[PDB]
Amino acid sequence: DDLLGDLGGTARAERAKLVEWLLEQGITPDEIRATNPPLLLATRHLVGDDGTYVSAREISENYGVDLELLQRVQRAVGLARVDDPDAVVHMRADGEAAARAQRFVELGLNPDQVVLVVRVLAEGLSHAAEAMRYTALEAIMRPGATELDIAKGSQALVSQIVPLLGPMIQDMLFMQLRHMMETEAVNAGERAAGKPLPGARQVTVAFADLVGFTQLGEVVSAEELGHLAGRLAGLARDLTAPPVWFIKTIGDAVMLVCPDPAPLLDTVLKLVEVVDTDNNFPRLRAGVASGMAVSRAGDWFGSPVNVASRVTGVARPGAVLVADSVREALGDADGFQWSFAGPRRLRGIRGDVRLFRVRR
Amino acid sequence: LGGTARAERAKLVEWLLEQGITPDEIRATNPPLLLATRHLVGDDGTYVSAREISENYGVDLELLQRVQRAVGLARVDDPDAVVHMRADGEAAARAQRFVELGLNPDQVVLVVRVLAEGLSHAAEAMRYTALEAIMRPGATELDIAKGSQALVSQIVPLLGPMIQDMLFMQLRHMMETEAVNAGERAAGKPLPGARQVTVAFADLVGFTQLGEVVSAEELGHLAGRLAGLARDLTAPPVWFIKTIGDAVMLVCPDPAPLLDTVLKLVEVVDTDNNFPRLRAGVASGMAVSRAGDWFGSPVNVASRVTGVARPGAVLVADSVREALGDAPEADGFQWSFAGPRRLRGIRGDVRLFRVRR
Ligand SMILES: [Ca+2]
Ligand SMILES: [Ca+2]
Ligand SMILES: [Ca+2]
Ligand SMILES: [Ca+2]
């Protein structure tokens, strides 16, 4: 009764039924009063929120971790900055989970490199968390849903989802670690032989990447790039015909590979053009490179992949830049026109790459 | 191979053999420094088609192929072709469980896409960390192989659990945000203990002034630098609340000093050109504090205002202008109408101004 606040009307009646449901599962009046509103009081347990708080000093003492590094991790993960180590502010679970990060430093990694990776993860996970919010809201916030409908629906859904997230995360991480190490193996294997690898094949490789701003100079947001990536893939798939291979969509970019450069430069140019004419998209840029590369599990690795990716990064919006390797590999009668973009030093590569801007 | 770059190989090959690597493996894949590592990251040399995965796991084939495409795996039109690694096929099969729980497939795919992207940037930053640990002065290939083996054996298993911990922290935050939001709706007004604050977010863009893309390693570094600058510049009564990836959050009882701090922060980032430009969004109103952080309407408005702010710009809600009170002692701010009139997830029309010194 005192657990209904200043509420009246539909809202007050909805709250009373929520409190009843909470009280009868064993949540105490004090807990309900301490949590305004108590809508997710039952649901938040499932993600580790027990309504308890901890000081940085207590975490340091109990878990035997460095206090200064703990605070550096706590802040890098996105927790509130607390300058007083004795102040009981942070949620207990947040403090305990930050403590687990010292292990990476005990096993010999620099505290600075650990912190950097945590920052990157935090950025990425903030985008993933937002998509997860929408997904969950669509399922729970049905029309007319009352506070009790929401409390119960969200509790039921979250209880089933939580056991699935751990395994999913590791699986997606591992997928990326495999790709990253396969890229690395092929790198060193190309540089030891100097020349081709076994299985290798002459390919022309292009990445076509959406730029992160509109023509007016606005920022194309992260959730909008998610939706546009799927639209870029549909489009690349429609314009892509043999002998052009549409390999994969990564981020807001598509990867195309071809034995021969002519039909590919052609497909990339067409692709940049229909994006330019569709006002839903920000502009597209593309980088192209030719050479010897090997394929594992349907993907392509090697120098032309490395070069194409870096050349895509330095291309201006609406522009198709190509390494000299691509124009040399063009043989006969073509109708592209070429401007010399100049020699350019690219980040992961050494031998200054000569670039050409390409147009119909 | 003959001499001193050969006794080098001797060391490696003998070790590789003792790591359970077979003679055939040692050449079916040339210079073999990382063979002993594949099994620890889920690669056992097995490969399965989309259809065989569909019936191994009893899942829908079309949805499976869609999730596989969304995560950034090679596109395979033929469902009977054996192309993907098994582990890659199986990870995609987990997606149907979320759908069977009542989640929209379109949105599951979308979650999967955004998470794959976030984790690819994480892996790139991990590549440099690993290369810094392993590649030490005078490193022979055996050194590099043993180094990789220890790293992947001891460190990699801690990564999944660490990323789940990071995600749960943010899911805890989210649930507080959604509770406070529902609380405001039900009451039709701010909640008990609510305080009058001005909130600002300052966000780095994904590109520098010339349109180039910031790498993942560079992103982590710059985010740390922004955190440092915000720390240097934020003094009482302004509070530096947190850094979430590449954005900082400032909160203050009074709008004038917060606004002065935000402007200064954007200015300074605009003098070093290694930084992408900074942009900021500001709102004023009532908010509740939990765990050092702030929750409520002005936090949600300022966040969405930052999202529509242009590079180099501080965009403020009308709420801030009213909070300054058209009798402000401290007001050497220039005001121009700007920005959109609508914001995603925020009820009515909204009035925005660009502020400069
Ligand atoms: Ca309890
Ligand atoms: Ca982009
Ligand atoms: Ca940003
Ligand atoms: Ca951000």
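Whatever order the structure lists ligands and atoms in, that order sets their numbers, starting from 1. Below, chain A is the first sequence line, B the second, and so on; all start at residue 1.
For the pair OD1 of B:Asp203 and OD2 of B:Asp246, the angle at the Ca ion (ligand 3) is about 90°; rounding is to 10 degrees.
B:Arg357 places a side-chain N or O within donor-acceptor distance of the main-chain N or O of B:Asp260, the cut-off being under 3.5 Å. Between the B:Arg279 side chain and the B:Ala309 main chain, a donor and an acceptor come within less than 3.5 Å of each other. Judged purely by atom type and a 3.5 angstrom limit, A:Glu123 uses its side chain to pair as donor or acceptor with the backbone of B:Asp246. B:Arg342 contributes a side-chain N or O that, together with a main-chain N or O of B:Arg347, makes up a donor-acceptor pair within less than 3.5 Å.
Shortest distance from the Ca ion (ligand 4) to A:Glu123 is reached at OE2 (N/O/S atoms only).
A 4.5 Å side-chain heavy-atom check between A:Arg133 and B:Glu178 finds at least one atom pair inside the cut-off. Residues B:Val299 and B:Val251 fail the side-chain proximity criterion, which asks for heavy atoms closer than 4.5 Å.
Only protein N, O or S atoms were considered, and those under 3.0 Å from the Ca ion (ligand 1) are A:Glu31 OE1.
Within the coordination shell of the Ca ion (ligand 3), defined by N, O or S atoms under 3.0 Å, B:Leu204 is present.
For the pair A:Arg347 and B:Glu218, the salt-bridge criterion is met [side-chain N within less than 4.0 Å of a carboxylate O].
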